[PDB]
Amino acid sequence: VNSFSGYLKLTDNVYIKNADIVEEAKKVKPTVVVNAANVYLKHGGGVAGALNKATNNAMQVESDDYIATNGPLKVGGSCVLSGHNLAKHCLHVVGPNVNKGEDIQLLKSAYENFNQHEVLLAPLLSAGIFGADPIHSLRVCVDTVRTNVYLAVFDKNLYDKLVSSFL
Ligand SMILES: O=C(O)c1cncc(O)c1
């Protein structure tokens, strides 16, 4: 049993809810929250900007030190950093950004990072301002992630469309 409440079960291991991931992280304090990161860990907008704002910019300060030491992530890659006041850990995952021309096939590689963690609170990778079709992102998630994933979809309209269209 875990602390996640009000989710809709899609599969054996994937659950979904209409929720602000920031508000959900603050309530649950999950072991892992996933950030919709870019390779530079520049948390300017969407999930990353909202998560970073909720940490009072401590996520960005930590991220800048990580990049100064290690250089940029790969598209499809990830790193584990602090979850600050939101979670134990933040798994920063880089899905491909369609608005930068990145290979959508990298979305499966991005989701494979989730399999290193038994339970996660996450957004749909490459959705929102990353430009991918969220229906596609949910299908790749279900077909890739084997660990237990609790998806927080920000848009009520989109949430209802994801549920209604789910095969
Ligand atoms: O994860 C989301 O629900 C999301 C919704 N809108 C914009 C965005 O970048 C992400």
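Cβ atoms come from the backbone with ideal geometry, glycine included; neighbour counts cover every protein chain shown. A short reminder: the numbers here are calculations on the coordinates, not readings from a lab.
Before moving on, here are some points about what is shown:
This table checks each residue for (1) of a type in the set (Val, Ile, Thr); (2) surrounded by fewer than 16 Cβ atoms within 10 Å (Cβ to Cβ).
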{"site": "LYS29", "(1), (2)": "no, yes"}
{"site": "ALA48", "(1), (2)": "no, no"}
{"site": "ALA58", "(1), (2)": "no, yes"}
{"site": "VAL61", "(1), (2)": "yes, yes"}
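Residue-wise test of (1) farther than 25 Å from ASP160 by Cβ; (2) aliphatic (A, V, I, L, M); (3) assigned to a helix (DSSP H, G or I); (4) within 15 Å of the ligand (Cβ to nearest atom).
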site: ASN2; (1), (2), (3), (4): no, no, no, no
site: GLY6; (1), (2), (3), (4): no, no, no, no
site: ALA25; (1), (2), (3), (4): no, yes, yes, yes
site: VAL47; (1), (2), (3), (4): no, yes, yes, yes
site: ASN52; (1), (2), (3), (4): yes, no, yes, yes
site: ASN56; (1), (2), (3), (4): yes, no, no, no
site: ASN85; (1), (2), (3), (4): yes, no, no, no
site: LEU91; (1), (2), (3), (4): yes, yes, no, yes
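- Test for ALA68: is it free of Cβ contacts under 8 Å to residues at least 40 places away in the same chain, surrounded by fewer than 18 Cβ atoms within 10 Å (Cβ to Cβ), of a type in the set (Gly, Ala, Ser) and outside any loop (DSSP other than H, G, I, E, B): yes
- Criterion applied to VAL39, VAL33, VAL75 was being touching a residue at least 24 places away in the same chain (Cβ under 8 Å) and assigned to a strand (DSSP E or B), and the one residue passing it is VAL33.
- Within the stretch 117-167, being among the polar types (S, T, N, Q) and touching a residue at least 12 places away in the same chain (Cβ under 8 Å) holds for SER126, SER137, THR144, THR147, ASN148, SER165.
- Single residue of the stretch 127-152 satisfying the filter (within 14 Å of the ligand (Cβ to nearest atom) and either part of a strand (DSSP E or B) or of a type in the set (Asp, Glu) (or both)) that is farthest from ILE16 (Cα to Cα): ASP133
- Filtered by the rule that a residue be under 13 Å from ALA110 (Cα atoms) and among the acidic types (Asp, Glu), the stretch 138-166 gives a lone residue, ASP143.
- Any hit, the stretch 118-126, residues being within 16 Å of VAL22 (Cβ to Cβ), surrounded by fewer than 20 Cβ atoms within 10 Å (Cβ to Cβ) and near the ligand (Cβ under 10 Å from one of its atoms): no
- Condition met for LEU91 (touching a residue at least 60 places away in the same chain (Cβ under 8 Å) and buried (at least 22 other Cβ atoms within 10 Å of the Cβ)): no
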